[PDB]
Amino acid sequence: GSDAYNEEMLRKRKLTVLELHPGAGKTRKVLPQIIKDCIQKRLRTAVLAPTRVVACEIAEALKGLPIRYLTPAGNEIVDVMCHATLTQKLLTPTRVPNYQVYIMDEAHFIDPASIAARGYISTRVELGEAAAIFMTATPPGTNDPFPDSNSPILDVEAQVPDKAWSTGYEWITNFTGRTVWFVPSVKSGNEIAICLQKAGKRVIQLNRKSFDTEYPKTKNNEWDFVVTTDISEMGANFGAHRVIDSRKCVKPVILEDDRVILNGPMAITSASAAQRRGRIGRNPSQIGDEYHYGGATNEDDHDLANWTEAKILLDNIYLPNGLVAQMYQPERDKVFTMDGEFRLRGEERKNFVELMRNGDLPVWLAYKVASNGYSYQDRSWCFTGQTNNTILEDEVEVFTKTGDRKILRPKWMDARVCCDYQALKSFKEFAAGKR
């Protein structure tokens, strides 16, 4: 694919993918060119970043242009927001400008709200109401683990250990410079960190929890190893020389529409493998950048909660005249449910929104509660299943809004609300009517 923008990509019915090499040297000389042109042509433009990190990067690039920065809360016709901000506005009937132009950065993001916004955007574009530009090193549909790069990358199939080692693995410990090592879980990373410091290496550990505090500590490069989960596949830049990829993740997976579990280690998609690899090969300067990788790559991931969630969101975004919001074309092969299967109506839909918005419940859980006639402030469903016992140690008592010391045992189990301590406590709060 190509990285070259031209102004013909802004006429209505156009959907373009700019396949950019990872670097600031293109996205942040390109995005401004597109935005200047949208201003030149008086086009109501929406610019969509995956995370808060990438929006503050986009804002920097566009400083001194008339841009409005949106959040969940007059001369500017160009609005910057998170993928999730768009999808939220769509779900919760809040007025959104008739955007003639959507620019989605990291348009591979496999996050329920991203998929669903790609679905809505592509639909509007098909109908002749808008143009769209999706920017991504790894477009949906592509299946290439080793894409184009800025510098050459040396790709190396290798024995990569998932726990500490005493002997062997000279290649890992010899290395002069700087390594990003992608792991499935923190515990696996913890084990590997300790092994590394028992070879006098210095290791920053990045995960969803540690990220905001530790990501900045790597910016000054006084480290030999960053040991990271898939948090670092998106909006995370390093001065590294090589990448070691286990080629594994842990994902929320649906078993049985009756249980979501966190299943791993399993094999990552080719997009994830490309993004992990994509931390190196960024600077034409640095030529001996390497990528040592473990297991194989797998695109059969229908099981993932994320794909059912995206579809739940999409079915609940409304369009005039019996039109059907479909997924971006390359991602339709992931949805197996009928169009409008998950559509909720009136009371059920308002509760669905409030349970995600004010409830902080996963899309899947929120759907299951609203699906079954249950209201926002009714929490009876938390204590009226069986063998769905959440446990601290050995059985979690809770002190309700209205009396009892009821035992917590919800009708539906989502691992994502009892996988942490902050997760569980937050879910305890919820059963207890206390938000």
# chains A, B, ... in the order shown; residues from 1 in each chain; ligands from 1
call {"tool": "closest_atom_pairs", "arguments": {"of": "segment 20-113 of chain A", "to": "segment 221-243 of chain A", "cutoff": "8 Å", "atoms": "only C-alpha atoms", "output": "CSV"}}
result
residue,atom,partner,partner_atom,distance
A:51,CA,A:235,CA,7.3
A:53,CA,A:235,CA,6.3
A:54,CA,A:235,CA,5.9
A:106,CA,A:234,CA,8.0
call {"tool": "write_last_selection", "arguments": {"atoms": "C-alpha atoms", "output": "mmCIF file, in the first residue's frame"}}
result
data_model
loop_
_atom_site.group_PDB
_atom_site.id
_atom_site.type_symbol
_atom_site.label_atom_id
_atom_site.label_comp_id
_atom_site.auth_asym_id
_atom_site.auth_seq_id
_atom_site.Cartn_x
_atom_site.Cartn_y
_atom_site.Cartn_z
ATOM 1 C CA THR A 51 -5.941 6.916 23.079
ATOM 2 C CA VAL A 53 -1.549 9.802 24.366
ATOM 3 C CA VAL A 54 -2.185 9.967 20.532
ATOM 4 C CA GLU A 106 -4.611 3.674 14.105
#
call {"tool": "residues_around", "arguments": {"residues": "residue 314 of chain A", "least_positions_apart": "2", "cutoff": "8 Å", "atoms": "only C-alpha atoms", "output": "list in words"}}
result
residues 116, 117, 119, 120, 310, 311, 312, 316, 317, 325, 326 and 327 of chain A
call {"tool": "write_last_selection", "arguments": {"atoms": "C-alpha atoms", "output": "compact mmCIF listing (two decimals), in the first residue's frame"}}
result
# COMPACT_ATOMS: atom_id res chain seq x y z
CA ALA A 116 -18.14 0.15 15.68
CA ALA A 117 -16.99 3.70 14.64
CA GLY A 119 -18.56 0.42 10.90
CA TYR A 120 -20.57 3.70 11.15
CA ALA A 310 -18.31 -4.15 18.56
CA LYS A 311 -21.42 -5.74 16.97
CA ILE A 312 -23.55 -5.00 20.10
CA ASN A 316 -27.51 0.06 18.74
CA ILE A 317 -26.31 2.98 16.55
CA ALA A 325 -24.83 -0.12 9.86
CA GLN A 326 -22.32 -2.78 8.64
CA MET A 327 -18.68 -3.34 9.74
call {"tool": "closest_atom_pairs", "arguments": {"of": "segment 272-348 of chain A", "to": "segment 144-149 of chain A", "cutoff": "8 Å", "atoms": "only C-alpha atoms", "output": "tab-separated table"}}
result
residue	atom	partner	partner_atom	distance
A:273	CA	A:145	CA	5.6
A:274	CA	A:145	CA	4.8
A:277	CA	A:146	CA	7.7
A:278	CA	A:149	CA	7.7
A:281	CA	A:149	CA	5.8
A:282	CA	A:149	CA	6.8
A:297	CA	A:145	CA	7.8
call {"tool": "write_last_selection", "arguments": {"atoms": "C-alpha atoms", "output": "mmCIF file, in the first residue's frame"}}
result
data_model
loop_
_atom_site.group_PDB
_atom_site.id
_atom_site.type_symbol
_atom_site.label_atom_id
_atom_site.label_comp_id
_atom_site.auth_asym_id
_atom_site.auth_seq_id
_atom_site.Cartn_x
_atom_site.Cartn_y
_atom_site.Cartn_z
ATOM 1 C CA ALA A 273 2.938 -9.116 15.503
ATOM 2 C CA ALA A 274 3.527 -6.276 12.897
ATOM 3 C CA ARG A 277 7.875 -5.472 15.428
ATOM 4 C CA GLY A 278 6.990 -1.870 14.412
ATOM 5 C CA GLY A 281 12.926 -0.028 12.076
ATOM 6 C CA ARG A 282 11.641 3.598 12.592
ATOM 7 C CA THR A 297 0.442 -15.884 14.239
#
call {"tool": "residues_around", "arguments": {"residues": "segment 247-263 of chain A", "least_positions_apart": "2", "cutoff": "7 Å", "atoms": "only C-alpha atoms", "output": "PDB file with C-alpha atoms, in the first residue's frame"}}
result
ATOM      1  CA  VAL A 183       4.872 -10.733  26.929  1.00  0.00           C
ATOM      2  CA  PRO A 184       1.302 -12.102  27.382  1.00  0.00           C
ATOM      3  CA  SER A 185       0.878 -11.202  31.093  1.00  0.00           C
ATOM      4  CA  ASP A 245       8.275 -11.070  20.770  1.00  0.00           C
ATOM      5  CA  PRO A 265      -1.231 -17.587  26.558  1.00  0.00           C
ATOM      6  CA  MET A 266      -2.657 -17.616  23.028  1.00  0.00           C
ATOM      7  CA  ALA A 267      -1.111 -16.601  19.688  1.00  0.00           C
ATOM      8  CA  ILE A 268      -1.388 -12.943  18.526  1.00  0.00           C
ATOM      9  CA  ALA A 273       2.938  -9.116  15.503  1.00  0.00           C
ATOM     10  CA  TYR A 293      10.113 -13.816  17.528  1.00  0.00           C
ATOM     11  CA  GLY A 294       8.779 -17.003  19.239  1.00  0.00           C
ATOM     12  CA  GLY A 295       5.558 -18.781  18.151  1.00  0.00           C
ATOM     13  CA  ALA A 296       3.180 -18.417  15.166  1.00  0.00           C
ATOM     14  CA  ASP A 303     -14.308 -16.201  19.961  1.00  0.00           C
ATOM     15  CA  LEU A 304     -12.991 -12.766  21.253  1.00  0.00           C
ATOM     16  CA  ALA A 305     -15.570 -10.741  23.281  1.00  0.00           C
ATOM     17  CA  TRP A 412     -23.520 -13.416  34.138  1.00  0.00           C
ATOM     18  CA  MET A 413     -19.775 -13.696  34.707  1.00  0.00           C
ATOM     19  CA  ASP A 414     -17.357 -11.276  33.058  1.00  0.00           C
ATOM     20  CA  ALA A 415     -13.735 -12.046  34.220  1.00  0.00           C
TER      21      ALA A 415
END
call {"tool": "residues_around", "arguments": {"residues": "residue 192 of chain A", "least_positions_apart": "5", "cutoff": "8 Å", "atoms": "only C-alpha atoms", "output": "PyMOL selection string"}}
result
chain A and resi 162-164+227
call {"tool": "select_by_dssp", "arguments": {"residues": "segment 101-333 of chain A", "states": "alpha helix (DSSP H)", "output": "ChimeraX atom specification"}}
result
/A:112-126,170-174,186-197,211-218,270-277,305-315
call {"tool": "select_by_dssp", "arguments": {"residues": "segment 227-394 of chain A", "states": "strand (DSSP E)", "output": "PyMOL selection string"}}
result
chain A and resi 227-228+242-245+248-255+259-267+289-293
call {"tool": "atom_distance", "arguments": {"atom1": "atom CA of residue 306 of chain A", "atom2": "atom CA of residue 365 of chain A"}}
result
12.1 Å
